[PDB]
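This is upload.cif. It holds mmCIF, C-alpha atoms and all ligand atoms.
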data_upload
loop_
_atom_site.group_PDB
_atom_site.id
_atom_site.type_symbol
_atom_site.label_atom_id
_atom_site.label_comp_id
_atom_site.auth_asym_id
_atom_site.auth_seq_id
_atom_site.Cartn_x
_atom_site.Cartn_y
_atom_site.Cartn_z
ATOM 1 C CA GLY T 101 18.490 -5.092 3.756
ATOM 2 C CA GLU T 102 15.782 -2.552 4.514
ATOM 3 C CA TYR T 103 12.286 -2.969 3.283
ATOM 4 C CA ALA T 104 9.189 -0.884 2.745
ATOM 5 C CA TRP T 105 5.657 -1.318 1.391
ATOM 6 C CA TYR T 106 4.437 0.171 -1.893
ATOM 7 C CA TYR T 107 1.171 0.560 -3.829
ATOM 8 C CA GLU T 108 0.794 0.956 -7.603
ATOM 9 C CA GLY T 109 0.132 4.269 -9.325
ATOM 10 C CA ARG T 110 -0.530 4.652 -13.047
ATOM 11 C CA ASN T 111 3.160 4.613 -14.044
ATOM 12 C CA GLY T 112 5.130 3.791 -10.913
ATOM 13 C CA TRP T 113 5.062 2.915 -7.232
ATOM 14 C CA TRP T 114 4.129 4.990 -4.202
ATOM 15 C CA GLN T 115 5.485 4.166 -0.786
ATOM 16 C CA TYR T 116 2.862 3.674 1.928
ATOM 17 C CA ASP T 117 2.801 6.165 4.780
ATOM 18 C CA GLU T 118 4.873 5.097 7.811
ATOM 19 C CA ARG T 119 1.938 4.044 10.009
ATOM 20 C CA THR T 120 0.233 1.955 7.345
ATOM 21 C CA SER T 121 3.541 0.392 6.323
ATOM 22 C CA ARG T 122 4.111 -0.751 9.927
ATOM 23 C CA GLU T 123 0.601 -2.254 10.034
ATOM 24 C CA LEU T 124 1.233 -4.131 6.748
ATOM 25 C CA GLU T 125 4.558 -5.361 8.066
ATOM 26 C CA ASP T 126 2.917 -6.607 11.306
ATOM 27 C CA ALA T 127 0.207 -8.459 9.405
ATOM 28 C CA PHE T 128 2.733 -9.969 6.946
ATOM 29 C CA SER T 129 4.992 -11.003 9.828
ATOM 30 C CA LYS T 130 2.067 -12.828 11.576
ATOM 31 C CA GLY T 131 1.140 -14.691 8.382
ATOM 32 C CA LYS T 132 -2.202 -12.921 8.009
ATOM 33 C CA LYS T 133 -3.844 -13.324 4.584
ATOM 34 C CA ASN T 134 -5.344 -9.850 4.778
ATOM 35 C CA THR T 135 -5.785 -6.753 6.906
ATOM 36 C CA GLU T 136 -7.587 -3.415 6.902
ATOM 37 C CA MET T 137 -5.975 0.018 6.685
ATOM 38 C CA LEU T 138 -7.305 3.577 7.237
ATOM 39 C CA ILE T 139 -6.248 5.821 4.306
ATOM 40 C CA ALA T 140 -7.335 9.509 4.466
ATOM 41 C CA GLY T 141 -10.255 8.384 6.633
ATOM 42 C CA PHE T 142 -11.401 5.608 4.280
ATOM 43 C CA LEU T 143 -11.159 1.874 4.992
ATOM 44 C CA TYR T 144 -9.072 -0.217 2.612
ATOM 45 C CA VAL T 145 -8.418 -3.948 2.465
ATOM 46 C CA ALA T 146 -4.841 -5.166 1.957
ATOM 47 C CA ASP T 147 -5.009 -8.687 0.463
ATOM 48 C CA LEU T 148 -1.592 -10.188 1.223
ATOM 49 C CA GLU T 149 -2.256 -13.440 -0.654
ATOM 50 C CA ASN T 150 -3.001 -11.736 -3.960
ATOM 51 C CA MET T 151 -0.922 -8.638 -3.084
ATOM 52 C CA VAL T 152 -3.569 -6.062 -3.910
ATOM 53 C CA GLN T 153 -5.397 -3.291 -2.084
ATOM 54 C CA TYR T 154 -8.886 -1.944 -2.680
ATOM 55 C CA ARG T 155 -11.455 0.178 -0.886
ATOM 56 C CA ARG T 156 -13.547 -1.905 1.558
ATOM 57 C CA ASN T 157 -16.999 -0.323 1.368
ATOM 58 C CA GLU T 158 -17.298 1.437 -2.007
ATOM 59 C CA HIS T 159 -15.998 1.092 -5.588
ATOM 60 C CA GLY T 160 -12.412 1.852 -6.475
ATOM 61 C CA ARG T 161 -9.314 0.681 -8.263
ATOM 62 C CA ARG T 162 -7.532 -2.577 -7.450
ATOM 63 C CA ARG T 163 -3.913 -1.550 -6.885
ATOM 64 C CA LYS T 164 -1.020 -3.953 -6.782
ATOM 65 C CA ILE T 165 0.988 -3.857 -3.593
ATOM 66 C CA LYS T 166 4.526 -4.998 -2.958
ATOM 67 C CA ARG T 167 7.089 -5.284 -0.233
ATOM 68 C CA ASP T 168 10.507 -4.275 -1.600
ATOM 69 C CA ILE T 169 13.754 -2.572 -0.682
ATOM 70 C CA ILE T 170 13.827 1.138 0.156
ATOM 71 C CA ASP T 171 16.373 1.870 -2.598
ATOM 72 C CA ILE T 172 14.075 1.575 -5.645
ATOM 73 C CA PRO T 173 12.703 4.306 -7.874
ATOM 74 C CA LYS T 174 9.431 5.661 -6.471
ATOM 75 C CA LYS T 175 6.976 8.500 -6.995
ATOM 76 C CA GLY T 176 6.738 9.618 -3.378
ATOM 77 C CA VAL T 177 5.046 8.626 -0.125
ATOM 78 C CA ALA T 178 1.248 8.380 0.268
ATOM 79 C CA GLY T 179 0.517 10.781 -2.619
ATOM 80 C CA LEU T 180 3.142 13.365 -1.603
ATOM 81 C CA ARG T 181 5.478 13.606 -4.585
ATOM 82 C CA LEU T 182 9.197 13.268 -4.049
ATOM 83 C CA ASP T 183 10.897 16.369 -5.395
HETATM 84 N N1 LIG S 1 -2.482 3.375 0.175
HETATM 85 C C1 LIG S 1 -2.750 4.641 -0.160
HETATM 86 N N2 LIG S 1 -2.103 5.711 0.378
HETATM 87 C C2 LIG S 1 -2.405 6.974 -0.006
HETATM 88 N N3 LIG S 1 -3.362 7.260 -0.905
HETATM 89 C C3 LIG S 1 -4.090 6.278 -1.482
HETATM 90 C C4 LIG S 1 -3.831 4.885 -1.128
HETATM 91 N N4 LIG S 1 -4.680 4.121 -1.836
HETATM 92 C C5 LIG S 1 -5.413 4.939 -2.587
HETATM 93 N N5 LIG S 1 -5.089 6.219 -2.352
HETATM 94 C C6 LIG S 1 -5.660 7.378 -3.071
HETATM 95 O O1 LIG S 1 -7.064 7.310 -3.166
HETATM 96 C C7 LIG S 1 -7.519 7.705 -4.466
HETATM 97 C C8 LIG S 1 -8.447 6.612 -4.964
HETATM 98 O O2 LIG S 1 -7.738 5.367 -5.135
HETATM 99 P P1 LIG S 1 -8.530 3.984 -5.314
HETATM 100 O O3 LIG S 1 -9.272 4.159 -6.630
HETATM 101 O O4 LIG S 1 -7.396 2.995 -5.397
HETATM 102 O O5 LIG S 1 -9.412 3.854 -4.083
HETATM 103 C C9 LIG S 1 -6.279 7.927 -5.326
HETATM 104 O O6 LIG S 1 -6.119 9.321 -5.596
HETATM 105 C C10 LIG S 1 -5.133 7.318 -4.509
HETATM 106 O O7 LIG S 1 -3.885 8.025 -4.570
HETATM 107 C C11 LIG S 1 -2.927 7.565 -5.524
HETATM 108 O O8 LIG S 1 -3.309 8.045 -6.812
HETATM 109 C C12 LIG S 1 -2.777 9.365 -6.996
HETATM 110 C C13 LIG S 1 -2.230 9.507 -8.414
HETATM 111 O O9 LIG S 1 -1.061 8.711 -8.604
HETATM 112 P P2 LIG S 1 -0.489 8.361 -10.052
HETATM 113 O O10 LIG S 1 -1.444 7.378 -10.682
HETATM 114 O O11 LIG S 1 -0.477 9.701 -10.741
HETATM 115 O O12 LIG S 1 0.851 7.751 -9.778
HETATM 116 C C14 LIG S 1 -1.715 9.589 -5.929
HETATM 117 O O13 LIG S 1 -2.151 10.601 -5.015
HETATM 118 C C15 LIG S 1 -1.573 8.222 -5.266
HETATM 119 O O14 LIG S 1 -1.297 8.322 -3.876
#

Could you take the file, read its structure, and then write that structure out as structure tokens?
Amino acid sequence: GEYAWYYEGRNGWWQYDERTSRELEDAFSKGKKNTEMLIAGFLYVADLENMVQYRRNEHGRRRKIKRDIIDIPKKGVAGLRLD
């Protein structure tokens, strides 16, 4: 039973990078309703009640997030395609 964090792409799921995934897991484990993440130098909000992420300070997409097993189909990790 091993788990990872994922964010929605247009037609699939991407796994979060290792550091961010650990931060999400910490926040989830403490019962936090939300947390902030640094993604490529930009601040994002992870809303753990509604299970969505979005950029903190400027416009962007709302992406679904989920916590699921490692052994699911996925597109890659943090924008780096699996080959
Ligand atoms: N948690 C994250 N980790 C890495 N990159 C991210 C993340 N959140 C946003 N970005 C990137 O930040 C940009 C703006 O996202 P927005 O509007 O939400 O703030 C996007 O390019 C985001 O990257 C995604 O989309 C790419 C295409 O994936 P397809 O739809 O073809 O599956 C792919 O690189 C994928 O990683």

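Put simply, the PyMOL selection byres (((chain T and resi 118-134) around 8) and not hetatm) in this file takes in residues 104, 105, 116, 117, 135, 136, 137, 138, 145, 146, 147, 148 and 149 of chain T.
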
The PyMOL selection byres (((not hetatm)) within 8 of (chain S and resi 1)) applied to the shown file, residues as a CSV table (one decimal) with C-alpha atoms, keeping the file's coordinate frame:
chain,number,residue,atom,x,y,z
T,106,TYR,CA,4.4,0.2,-1.9
T,107,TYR,CA,1.2,0.6,-3.8
T,108,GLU,CA,0.8,1.0,-7.6
T,109,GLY,CA,0.1,4.3,-9.3
T,110,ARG,CA,-0.5,4.7,-13.0
T,111,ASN,CA,3.2,4.6,-14.0
T,112,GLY,CA,5.1,3.8,-10.9
T,113,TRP,CA,5.1,2.9,-7.2
T,114,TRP,CA,4.1,5.0,-4.2
T,115,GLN,CA,5.5,4.2,-0.8
T,116,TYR,CA,2.9,3.7,1.9
T,117,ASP,CA,2.8,6.2,4.8
T,120,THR,CA,0.2,2.0,7.3
T,139,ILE,CA,-6.2,5.8,4.3
T,140,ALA,CA,-7.3,9.5,4.5
T,144,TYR,CA,-9.1,-0.2,2.6
T,153,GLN,CA,-5.4,-3.3,-2.1
T,154,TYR,CA,-8.9,-1.9,-2.7
T,155,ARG,CA,-11.5,0.2,-0.9
T,159,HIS,CA,-16.0,1.1,-5.6
T,160,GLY,CA,-12.4,1.9,-6.5
T,161,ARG,CA,-9.3,0.7,-8.3
T,162,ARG,CA,-7.5,-2.6,-7.4
T,163,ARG,CA,-3.9,-1.6,-6.9
T,175,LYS,CA,7.0,8.5,-7.0
T,177,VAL,CA,5.0,8.6,-0.1
T,178,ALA,CA,1.2,8.4,0.3
T,179,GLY,CA,0.5,10.8,-2.6
T,180,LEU,CA,3.1,13.4,-1.6

Edge lengths and centre in Å to one decimal, as lines of an AutoDock Vina configuration file, of the axis-aligned box that encloses all listed atoms of region 159-167 of chain T with 4 Å added on every side?
center_x = -4.5
center_y = -1.7
center_z = -4.2
size_x = 31.1
size_y = 15.1
size_z = 16.0

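Atom pair CA of residue 142 (chain T) / CA of residue 158 (chain T): separated by 9.6 Å.
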
Could you please determine the separation between CA of residue 166 (chain T) and CA of residue 152 (chain T) in Å, to one decimal place? 8.2 Å

Please evaluate the PyMOL selection byres (((chain T and resi 103) around 7) and not hetatm) against the displayed coordinates and give the resulting residues as number ranges by chain. T: 101-102, 104, 167-170
